[PDB]
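Structure record follows, encoded as structure tokens.
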4 protein chains.
Amino acid sequence: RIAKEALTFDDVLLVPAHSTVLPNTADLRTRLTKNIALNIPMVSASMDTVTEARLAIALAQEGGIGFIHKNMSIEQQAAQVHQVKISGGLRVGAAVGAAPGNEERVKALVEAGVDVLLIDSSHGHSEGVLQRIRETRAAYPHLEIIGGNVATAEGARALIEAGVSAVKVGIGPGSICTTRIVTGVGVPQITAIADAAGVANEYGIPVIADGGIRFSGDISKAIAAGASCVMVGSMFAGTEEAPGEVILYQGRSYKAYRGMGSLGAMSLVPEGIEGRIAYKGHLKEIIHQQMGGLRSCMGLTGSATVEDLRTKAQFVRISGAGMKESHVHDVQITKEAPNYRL
Amino acid sequence: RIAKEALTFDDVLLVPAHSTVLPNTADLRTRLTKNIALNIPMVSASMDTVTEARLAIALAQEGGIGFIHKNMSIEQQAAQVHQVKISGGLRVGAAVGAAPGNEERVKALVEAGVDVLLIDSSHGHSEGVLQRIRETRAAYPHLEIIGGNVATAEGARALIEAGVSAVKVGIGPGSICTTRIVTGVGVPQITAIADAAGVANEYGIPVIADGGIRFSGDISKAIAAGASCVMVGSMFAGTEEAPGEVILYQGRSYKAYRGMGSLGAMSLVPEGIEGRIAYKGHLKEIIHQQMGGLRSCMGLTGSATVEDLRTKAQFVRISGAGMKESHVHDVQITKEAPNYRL
Amino acid sequence: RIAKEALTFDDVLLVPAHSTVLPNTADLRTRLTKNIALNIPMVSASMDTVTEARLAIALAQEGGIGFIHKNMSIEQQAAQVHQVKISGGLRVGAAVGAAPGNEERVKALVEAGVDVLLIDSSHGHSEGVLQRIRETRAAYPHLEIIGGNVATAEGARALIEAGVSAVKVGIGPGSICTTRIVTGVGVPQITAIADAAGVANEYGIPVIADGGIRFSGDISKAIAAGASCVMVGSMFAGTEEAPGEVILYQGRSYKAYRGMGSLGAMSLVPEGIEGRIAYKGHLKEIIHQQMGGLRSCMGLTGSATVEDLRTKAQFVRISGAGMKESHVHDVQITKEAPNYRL
Amino acid sequence: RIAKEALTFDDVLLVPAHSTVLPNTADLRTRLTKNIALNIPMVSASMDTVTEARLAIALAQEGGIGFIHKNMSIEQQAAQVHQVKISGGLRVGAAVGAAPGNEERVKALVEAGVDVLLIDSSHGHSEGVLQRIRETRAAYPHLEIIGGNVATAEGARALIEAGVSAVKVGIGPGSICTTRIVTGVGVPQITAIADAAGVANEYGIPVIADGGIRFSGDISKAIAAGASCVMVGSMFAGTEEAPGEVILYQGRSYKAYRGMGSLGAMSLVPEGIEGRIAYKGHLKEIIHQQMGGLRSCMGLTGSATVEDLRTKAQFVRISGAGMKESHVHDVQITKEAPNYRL
Ligand SMILES: NC(=O)c1ccc[n+]([C@@H]2O[C@H](COP(=O)([O-])OP(=O)([O-])OC[C@H]3O[C@@H](n4cnc5c(N)[nH+]cnc54)[C@H](O)[C@@H]3O)[C@@H](O)[C@H]2O)c1
Ligand SMILES: NC(=O)c1ccc[n+]([C@@H]2O[C@H](COP(=O)([O-])OP(=O)([O-])OC[C@H]3O[C@@H](n4cnc5c(N)[nH+]cnc54)[C@H](O)[C@@H]3O)[C@@H](O)[C@H]2O)c1
Ligand SMILES: NC(=O)c1ccc[n+]([C@@H]2O[C@H](COP(=O)([O-])OP(=O)([O-])OC[C@H]3O[C@@H](n4cnc5c(N)[nH+]cnc54)[C@H](O)[C@@H]3O)[C@@H](O)[C@H]2O)c1
Ligand SMILES: NC(=O)c1ccc[n+]([C@@H]2O[C@H](COP(=O)([O-])OP(=O)([O-])OC[C@H]3O[C@@H](n4cnc5c(N)[nH+]cnc54)[C@H](O)[C@@H]3O)[C@@H](O)[C@H]2O)c1
Ligand SMILES: O=c1[nH]cnc2c1ncn2[C@@H]1O[C@H](COP(=O)(O)O)[C@@H](O)[C@H]1O
Ligand SMILES: O=c1[nH]cnc2c1ncn2[C@@H]1O[C@H](COP(=O)(O)O)[C@@H](O)[C@H]1O
Ligand SMILES: O=c1[nH]cnc2c1ncn2[C@@H]1O[C@H](COP(=O)(O)O)[C@@H](O)[C@H]1O
Ligand SMILES: O=c1[nH]cnc2c1ncn2[C@@H]1O[C@H](COP(=O)(O)O)[C@@H](O)[C@H]1O
Ligand SMILES: [K+]
Ligand SMILES: [K+]
Ligand SMILES: [K+]
Ligand SMILES: [K+]
């Protein structure tokens with residue numbers, strides 16, 4: 001009944017190794033799905049405070065892909081997909097529910113030229129969800145389909161066998177998620193990525209690490225645990241291109257950020273809250289900061305490619321003291337850096 | 001892929017043992033490099049807010065050695081080395097980059113009478129860095145050369161085999177460093193010292209523990225894990241002899257302290273920040289405090305020599321509760337001590 | 001020798017009156033000097049953290065004029081003046097000292113086409129300052145000269161009698177100034193304006209209210225008290241156009257802002273300090289907000305032009321309680337406004 | 001029986017005037033007594049946390065005089081006076097009680113060459129204090145005697161009529177004093193000075209403003225109100241030269257500072273408390289800063305000598321808002337100044 005210990009980002013560090021890679025020469029290309037490549041390993045969450053066309057365009061220009069959220073009419077969703085397609089033949093994705101009734105939406109989104117369809121659910125291992133993956137595969141046998149979310153070996157296998165092109169991993173880790181507290185269920189994200197990747201590696205199916213990314217080092221750790229890219233919410237929330245107006249509070253600027261299972265979003269119990277995230281300027285500058293840290297990791301681990309980081313890098317386990325030593329400590333900071341701040 | 005647990009200072013304590021050593025009779029002499037001795041096991045970081053000639057002189061007078069930083073013209077660097085040499089034939093060191101183009105600088109510093117040359121890099125296990133160690137060895141076969149930084153057995157071996165006279169250990173532990181967060185890579189300092197020393201002990205090569213020293217007890221722990229001395233930044237920052245003017249803020253005095261990979265220092269992503277450190281008066285008084293604690297450790301472990309502490313002392317692992325018991329607890333402090341303060 | 005009570009902004013409120021004026025039909029034009037008009041009643045402080053050519057340009061574009069600070073070589077200051085002169089036909093000022101030896105600097109600035117010359121001093125009623133004004137007026141009979149700073153009727157009188165085209169008013173009210181505290185000398189800014197203006201109005205010489213403006217209401221009050229326009233430092237510090245780079249601190253953005261009598265700026269005791277001011281975006285937007293508050297004021301007072309506000313608006317004296325009532329009270333602010341911020 | 005409003009420092013500001021005076025040409029000389037001059041207008045408080053021989057010497061060197069406290073044996077107090085007398089030809093004072101039985105102590109201090117004798121009491125208008133002054137004047141007709149403390153014209157009158165060479169002014173304004181709170185008695189320090197001075201000026205007897213000085217502006221105001229010099233306790237407490245050792249607390253340095261009517265000092269109810277004051281360095285440097293602010297004041301008021309400031313400078317009454325305007329406001333201080341500190 002007690003399966004083992006499980007670990008997340010702040011429980012591990014990566015081991016530096018012999019390297020003939022310099023940061024500016026590391027190759028950040030990776031896979032999102034079996035047949036869709038990315039130039040960087042970053043995708044945006046399908047959240048109404050994160051991804052509509054405007055953010056999807058910016059992110060695609062930088063080499064990632066956005067997933068257009070489903071809190072809008074079918075017509076609006078397809079129009080937003082279309083807009084991204086007609087902006088330079090940029091790749092775009094779109095989410096739909098794992099609930100019956102959604103066939104219309106999927107059709108309109110496929111007709112609109114969507115590159116990758118995401119069946120996002122909080123329980124990718126629900127039979128219901130698997131069934132809707134199977135029917136979607138049968139109806140669209142050449143559509144790249146992302147399923148999840150799962151946190152286990154068996155959950156990944158069940159998704160792969162139902163027909164998905166990629167497995168999405170994460171139950172409960174999101175900055176705004178309260179699932180693990182509200183229900184008591186979830187698995188710490190590093191362990192969850194590795195167990196899922198362990199299985200998915202065998203079908204050549206990529207794993208997307210969704211949730212709980214805060215610092216650029218978490219991106220390196222997620223990928224080294226077996227993920228081919230990461231999906232991020234709070235890190236992109238607050239950018240100029242994210243949906244929503246700037247709000248001024250106590251001398252600062254913010255945009256609204258909320259879980260997709262929060263009361264305001266759902267519009268009988270919520271598994272997310274609503275909050276505010278600091279305004280951060282252009283997404284592009286954030287991506288440069290985040291990829292800067294990753295490139296640097298790849299230099300420190302002698303990882304030439306994302307694949308090298310994903311399959312050959314080592315970790316050590318650390319304690320609470322190890323983590324405090326890792327952050328800045330014993331000094332009063334007077335000038336933060338754009339990749340390290342309150 | 002998951003190598004093991006790793007530990008830093010606040011995860012361990014040293015075991016008291018039978019002793020015929022009194023604090024005031026302990027012998028603090030040690031080695032910096034294979035052929036350079038120190039009277040105490042302390043060296044100063046090659047940082048623009050820590051070591052120029054003025055601090056290098058004071059520290060050499062107390063029995064350590066300063067490493068003159070490289071953020072100044074070649075001419076200024078050599079003049080600062082010279083100044084330390086003409087101040088009583090005191091020992092001095094100097095840092096250079098591990099980047100091509102630096103041959104000039106090395107030459108000028110050797111001509112200026114530098115005792116020990118430091119190739120400081122954030123990734124001592126980069127092929128590039130090893131190559132520049134090899135060329136420096138070939139060009140100057142009798143120059144004591146320190147290389148690093150590394151955090152592993154294999155990293156130490158690679159440095160020793162490339163020609164270094166000492167191995168420097170530390171990736172990410174520095175008070176002002178954010179490498180471990182920004183990249184996700186690093187190893188907790190105690191484990192890093194021991195793995196490096198494990199290998200280096202065999203070539204008779206000393207290990208320098210660079211970073212994350214906060215209290216005098218960390219010096220004892222670093223040495224007991226296998227280091228022959230420690231390199232310290234924040235502990236010496238703020239002294240009268242450290243570079244920079246005093247700044248008054250909210251009733252207190254400070255000097256600027258910043259990482260050498262911070263934006264202000266580098267003048268595309270930073271792996272340090274900028275901060276302020278409390279003014280602490282004369283370096284000499286700080287050294288007396290810090291060596292006072294070490295001497296006392298050597299009495300409590302029955303260590304006659306640094307070598308005895310480095311090779312025969314024992315540790316125990318402790319928890320978070322163990323560490324809280326170790327600090328002052330349950331009492332409102334009204335009079336701090338100079339070796340224990342906010 | 002305790003003539004009278006004296007008042008500043010938070011001591012008074014303006015009385016709403018019969019009006020046929022609307023915010024948008026208010027006429028904002030006014031005088032900076034005897035022979036220089038402005039489209040809006042605002043000038044920038046001659047501080048090295050406020051006005052260089054770039055902010056001078058933006059402010060001119062909007063209807064104001066900037067004063068190029070003197071903390072720079074004569075040639076640098078000249079190129080700055082010329083740079084604004086050639087940017088779209090724009091007016092510009094520059095500041096010099098009343099220190100003897102300033103004759104060469106004055107020449108360059110004049111030869112660079114400067115529209116107005118500020119002789120700025122903390123003590124305009126100083127005989128030495130008066131002489132440099134006489135000497136300057138004799139040498140350049142057609143040069144608009146601003147003299148100050150004064151805080152009295154008799155000091156106003158002395159400056160005008162020496163030849164100034166405008167009297168600048170303010171001793172120690174500045175956000176960053178400590179003169180009142182360190183010397184015990186000065187006059188609350190509304191009384192100082194009215195006293196100076198009583199006199200200068202006899203000569204048709206305009207008064208410039210310099211320092212202590214924080215809210216748009218302060219611009220209204222300063223003008224209703226007698227000034228023809230206001231000079232501001234902190235209100236424009238932190239704008240993109242101001243000199244200095246952005247500093248990230250505790251999750252917010254700032255630029256440095258310091259007094260010209262602070263230790264940093266001096267390189268006798270300092271009479272200012274150094275600080276940081278929230279980054280505010282483009283000056284344009286600050287000016288729009290500020291002037292919106294002044295137009296609403298004019299609409300509330302039946303003041304059609306600046307001159308009507310300056311000579312016919314009435315005031316009431318309030319207590320600390322009236323002031324508490326004037327701010328927001330008894331409610332937790334959740335969304336602030338671009339003209340009302342922490 | 002509610003004669004009048006009464007004021008202290010933060011109630012007033014001094015009026016800038018026509019000036020041919022510069023800070024550096026200001027003449028700081030003044031009188032402590034009828035027949036004792038000083039080069040600067042500052043004396044030290046006769047407190048066991050402020051003045052012993054060491055601070056007396058430093059203060060004399062700089063142009064002031066210290067009053068040796070009486071919390072010590074008669075012989076100890078004598079050796080203290082003699083110690084200052086033999087240190088470079090320096091003036092010195094010593095304090096005694098108005099308690100009967102003080103005749104022997106007075107003798108020793110006189111025989112040790114004390115230049116001035118302070119009979120200090122919290123109630124100079126006490127008949128017992130008046131008698132001890134008469135008795136003392138009768139016994140030592142040539143001895144400069146300082147009498148006080150008083151807070152009125154009539155109390156000033158009584159002391160002079162008993163034979164004092166100087167009237168010391170202050171009931172309860174001291175940083176560490178609680179007399180006003182515990183007894184309900186006293187007078188705001190500017191009104192108290194002016195009232196006392198009105199009278200003493202009729203006799204050419206100087207007034208000493210004792211207590212409540214915090215900023216250099218307060219020294220200006222106290223002198224403009226009538227005093228010929230100021231007496232300070234907290235402003236010199238915490239200097240190296242003051243008695244007591246340095247206390248480290250919460251990362252800063254302090255010395256103890258306590259009222260002479262506090263429980264600690266008494267070994268009837270206490271009328272002071274005990275506290276700590278920031279360590280400030282060498283007295284010399286404090287005095288340089290303080291007097292720099294006074295010279296700047298003199299330059300602002302056209303006051304060439306102390307006597308011009310004391311008899312011709314004008315004041316305005318301000319509100320809490322004027323006072324808020326006089327300090328730094330609306331900006332986060334990042335570098336304070338040695339004359340303007342938290
Ligand atoms: N990753 C997470 O931990 C997490 C948790 C909760 C919500 N969310 C997000 O917020 C939104 C909320 O919708 P939702 O309920 O997660 O999915 P959903 O789209 O409302 O439901 C889809 C399917 O999930 C299945 N399911 C089975 N048990 C549960 C359960 N206990 N809780 C939730 N679903 C179950 C069921 O088959 C259902 O039809 C989604 O967009 C998610 O991205 C994420
Ligand atoms: N000890 C640490 O954890 C650490 C980390 C970062 C910076 N620093 C300090 O700050 C300064 C910054 O310069 P730097 O970049 O560390 O060294 P550097 O002197 O700029 O670079 C020297 C060499 O490091 C090699 N390198 C390979 N991968 C990386 C990587 N991912 N990041 C950095 N270097 C790599 C490469 O061969 C390069 O030419 C140095 O003075 C260091 O002392 C220390
Ligand atoms: N407006 C204020 O309240 C205020 C106060 C202090 C400084 N400042 C600013 O800070 C900068 C520093 O210059 P500064 O200190 O004004 O003077 P300054 O620019 O160094 O000197 C100007 C002249 O002021 C005359 N002066 C006579 N007495 C005094 C006195 N007590 N204090 C100052 N000047 C006197 C004297 O003739 C001198 O040559 C300037 O840019 C000022 O605008 C402003
Ligand atoms: N300046 C002040 O406001 C103040 C107030 C309290 C104490 N102190 C200081 O603290 C020390 C303690 O001495 P002390 O308490 O002033 O007096 P003390 O030195 O113990 O006695 C001096 C004399 O004051 C006379 N006196 C009459 N009524 C009172 C009264 N209500 N309170 C005090 N004295 C009275 C009485 O003649 C007595 O002998 C001295 O060094 C004082 O300078 C100063
Ligand atoms: O309401 C919610 N409940 C639980 N998980 C959510 C909710 N909304 C979004 N998520 C998940 O949280 C992720 C973003 O996490 P973040 O990057 O830490 O902010 C999304 O990609 C979703 O998988
Ligand atoms: O910018 C930086 N990034 C990472 N490490 C740094 C940087 N600057 C200095 N260091 C390291 O931090 C050490 C000092 O650490 P400290 O003694 O805890 O302050 C130095 O000796 C360097 O090895
Ligand atoms: O160091 C200083 N001391 C006193 N006044 C200053 C100093 N520096 C600038 N000032 C004045 O303060 C003004 C700006 O005040 P603010 O608009 O309240 O920030 C300037 O126009 C100057 O008159
Ligand atoms: O215990 C006390 N009660 C009342 N006044 C005191 C006491 N101790 C000292 N004083 C007075 O307070 C002065 C110092 O005030 P300060 O300069 O504001 O710290 C001394 O010169 C005494 O006049
Ligand atoms: K660190
Ligand atoms: K303990
Ligand atoms: K209100
Ligand atoms: K002020």
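Side chains are part of it too, since the values below use all heavy atoms of this structure and drop only hydrogens, waters and symmetry mates. Residue numbers begin at 1 in each chain, while the letters A, B, ... track the order of the sequences.
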Taking it one step at a time, do B/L7 and B/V12 satisfy side-chain contact (heavy atoms from CB on, under 4.5 Å)? CA-CA 8 Å; B/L7 301 179; B/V12 301; 4.1 Å; yes

Polar contact flag, side-chain donor to acceptor under 3.5 angstrom, [X]-[Y]:
| X | Y | value |
| --- | --- | --- |
| B/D11 | B/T8 | no |
| B/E274 | B/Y257 | no |
| B/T51 | B/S44 | yes |

So, [X] side chain and [Y] main chain: donor-acceptor pair closer than 3.5 Å or not?
| X | Y | answer |
| --- | --- | --- |
| A/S220 | B/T183 | yes |
| A/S19 | A/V21 | yes |
| A/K312 | A/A224 | no |
| A/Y340 | B/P270 | no |
| B/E144 | B/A166 | no |
| B/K255 | B/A242 | yes |
| B/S165 | B/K34 | no |
| B/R54 | B/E240 | yes |
| B/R214 | B/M235 | no |
| B/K280 | B/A237 | yes |

Taking atom [atom1] of [X] and atom [atom2] of [Y], what is their separation to the nearest 0.5 Å?
| X | Y | atom1 | atom2 | answer |
| --- | --- | --- | --- | --- |
| B/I287 | B/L28 | CD1 | CG | 11.5 Å |
| B/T239 | B/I277 | OG1 | CD1 | 11.0 Å |
| B/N71 | B/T49 | CG | OG1 | 10.0 Å |
| B/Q290 | B/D218 | CD | CG | 9.0 Å |
| A/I318 | A/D10 | CD1 | CG | 7.0 Å |
| B/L38 | B/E62 | CG | CD | 13.0 Å |

Full working for salt bridge (charged side-chain N to carboxylate O under 4.0 Å, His left out) between B/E202 and B/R157: CA-CA 10 Å; B/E202 309 272 11; B/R157 184 154 271 151; over 6 Å; no

Return the minimal non-hydrogen interatomic distance between [X] and [Y], and the atom names on each side.
| X | Y | result |
| --- | --- | --- |
| B/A278 | B/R252 | CB-NH2, 3.3 Å |
| B/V207 | B/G226 | CB-O, 4.2 Å |
| A/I190 | A/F9 | CG1-N, 3.6 Å |
| B/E271 | B/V182 | CG-CG1, 4.0 Å |
| B/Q80 | B/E52 | OE1-CB, 3.5 Å |
| B/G184 | A/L13 | O-CD2, 3.5 Å |

If you apply the rule salt bridge (charged side-chain N to carboxylate O under 4.0 Å, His left out), what do you find for B/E161 with B/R134, and how did you get there? CA-CA 9 Å; B/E161 290 175 354; B/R134 292 195 273 253; over 6 Å; no

Which of B/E154, B/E127, B/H125, B/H123 passes side-chain hydrogen bond (donor to acceptor under 3.5 Å, both in side chains) with A/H18? It is B/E127

More than 12 heavy atoms from other groups under 6.0 Å of [atom1] on [X]:
| X | atom1 | value |
| --- | --- | --- |
| B/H142 | NE2 | no |
| A/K335 | NZ | no |
| B/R1 | CZ | yes |
| B/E325 | CD | no |
| B/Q314 | CD | no |

Report, one line per pair, each donor and acceptor closer than 3.5 Å where one atom sits in a side chain of residues 291-298 of chain B; sequence neighbours left out.
| unit_1 | atom_1 | unit_2 | atom_2 | d |
| --- | --- | --- | --- | --- |
| B/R295 | NH1 | B/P23 | O | 3.1 |
| B/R295 | NH1 | B/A26 | O | 2.6 |

Would you check, one step at a time, whether the test side-chain contact (heavy atoms from CB on, under 4.5 Å) holds for A/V328 with B/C177? CA-CA 6 Å; A/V328 157; B/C177 183; over 6 Å; no

Does any part of the side chain of [Y], heavy atoms only, come nearer than 4.5 Å to the side chain of [X], both counted from C-beta?
| X | Y | result |
| --- | --- | --- |
| B/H327 | B/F215 | yes |
| D/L248 | D/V246 | yes |
| B/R132 | B/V96 | no |
| B/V167 | B/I208 | no |
| B/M260 | B/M47 | yes |
| B/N201 | B/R310 | yes |
| B/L109 | B/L117 | yes |
| B/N149 | B/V169 | no |

Which residue in the set B/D120, B/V92, B/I146 passes side-chain contact (heavy atoms from CB on, under 4.5 Å) when paired with B/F67?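 Going through the options one by one, the only one that passes is B/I146.
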
Determine, stepwise, if the pair A/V15 / A/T301 fulfils side-chain contact (heavy atoms from CB on, under 4.5 Å). CA-CA 7 Å; A/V15 183; A/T301 48; over 6 Å; no

Ring-face cation contact, B/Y249 with B/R276, 6.0 Å cut, 45° max: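 Yes, B/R276 lies over the aromatic ring of B/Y249.
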
Between B/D115 and B/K85, is the salt bridge (charged side-chain N to carboxylate O under 4.0 Å, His left out) condition met? List the steps. CA-CA 9 Å; B/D115 298 87; B/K85 302 306 293 169; 2.7 Å; yes

What do the steps show when you test A/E5 against A/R317 for salt bridge (charged side-chain N to carboxylate O under 4.0 Å, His left out), and what is the final call? CA-CA 12 Å; A/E5 313 165 283; A/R317 282 197 66 168; 3.3 Å; yes

Does the side-chain contact (heavy atoms from CB on, under 4.5 Å) test come out yes or no for B/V306 and B/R29, once each step is laid out? CA-CA 7 Å; B/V306 174; B/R29 290 170 310 154; over 6 Å; no

